[PDB]
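Novice:
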Amino acid sequence: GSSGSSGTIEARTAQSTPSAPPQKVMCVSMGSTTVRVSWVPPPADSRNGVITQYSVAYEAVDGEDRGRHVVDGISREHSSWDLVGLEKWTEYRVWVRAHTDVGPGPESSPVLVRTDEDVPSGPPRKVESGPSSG
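If you count by PDB author numbering, then the sequence shown holds residues 1 to 134, one letter each, in order.
1. Looking at the strands, I want to know which residues DSSP matches up with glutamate 64.
2. Is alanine 57 helix, strand or coil when you go by DSSP?
3. Which residue wins for smallest C-alpha separation from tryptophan 81, given the options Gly134, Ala14, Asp116 and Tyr58?
4. Tell me whether the stretch 68-75 and the stretch 121-132 touch, counting them as touching only if at least three CB pairs, one residue from each stretch, are closer than 8 Å.
5. Would you kindly report the start and end of the unbroken beta strand (DSSP E) that includes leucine 112?
6. On the DSSP bridge assignment, give the partners of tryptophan 81 in chain order.
7. Excluding the 5 residues preceding and the 5 following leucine 86 in the sequence, name in chain order all residues of the same chain whose CB lies nearer than 8 Å to its CB.
8. Roughly how many angstroms lie between the CA atoms of residue 194 and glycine 1, to the nearest whole one?
9. Please name the residue, chosen from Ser19, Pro21, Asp45 and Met26, that lies closest to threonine 8 on a Cα-to-Cα basis.
10. Take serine 29 and list the residues in its own chain whose beta-carbon comes closer than 7 Å to its own, dropping the five residues that flank it on each side.
11. Nearest to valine 84 by CA position, among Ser75, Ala11 and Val94, is which residue?
Structure follows, in structure tokens:
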């Protein structure tokens with residue numbers, strides 16, 4: 001059996017929630033206690049829904065505090081956010097999604113980022129050869 005075909009036209013008023021987007025979510029540690037996450041905007045040709053607002057969240061994966069925070073009140077014109085109030089030299093899982101007038105969306109691919117280090121001790125150096133890609 002097989003139910004469901006392809007072919008979605010464009011419309012002014014959002015139709016359904018996005019599936020792929022947000023995508024290409026690239027997060028980077030702005031400093032030591034601040035993080036910056038940016039994502040790619042949805043296409044127009046097949047715009048599942050007009051992003052009305054963006055939601056971001058972060059939680060220490062390898063930290064004492066396992067409290068996941070959530071940012072509210074983010075402009076839809078901002079495909080990026082600057083998190084402030086985290087630990088230094090610690091990894092954090094940032095989850096950014098896109099909400100539409102039709103409904104909320106599922107979390108996106110989490111990016112592990114390690115904030116700058118405080119101690120004068122530098123991280124390890126693991127060498128490795130890269131195969132043929134592309």
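C-beta atoms are modelled at their ideal positions from N, C-alpha and C, and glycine is treated no differently.
Specialist: Based on what the coordinates show:
1. Position 64 of the sequence shown, counted from the start, is the residue given in the question as residue 64. For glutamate 64, which the question treats as bridged, DSSP gives no partner whatsoever.
2. To locate residue 57, count along the sequence shown from 1; it is residue 57. It is a strand residue.
3. The count along the sequence shown starts at 1 and reaches residue 81 at position 81. Closest by alpha carbon: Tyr58.
4. No, they do not touch.
5. If you number the sequence shown from 1, residue 112 lands on position 112. Taken as a continuous stretch (DSSP letters only), the beta strand (DSSP E) holding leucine 112 covers 111-114.
6. Residue 81 sits at position 81 when you count from the first residue of the sequence shown. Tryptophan 81 has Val37 as its beta-bridge partners, per DSSP.
7. One-based indexing of the sequence shown puts residue 86 at position 86. Excluding positions up to five away in sequence, the list reads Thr33, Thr34, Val35, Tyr58, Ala60, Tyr92 and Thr115.
8. This structure cannot settle anything about residue 194, because the visible part of the chain is limited to 1 through 134.
9. Sequence index remark: in the sequence shown, residue 8 carries index 8 (1-based). Comparing C-alpha distances from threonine 8 to each of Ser19, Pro21, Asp45 and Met26 shows the shortest one belongs to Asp45.
10. Here residue 29 refers to the residue found at position 29 when the sequence shown is read from its first residue. Excluding residues within five positions, the ones whose Cβ falls inside 7 Å are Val35, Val113, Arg114, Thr115 and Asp116.
11. Counting from 1 along the sequence shown, the entry for residue 84 is found at position 84. Ranking the options by Cα distance to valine 84, first place goes to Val94.
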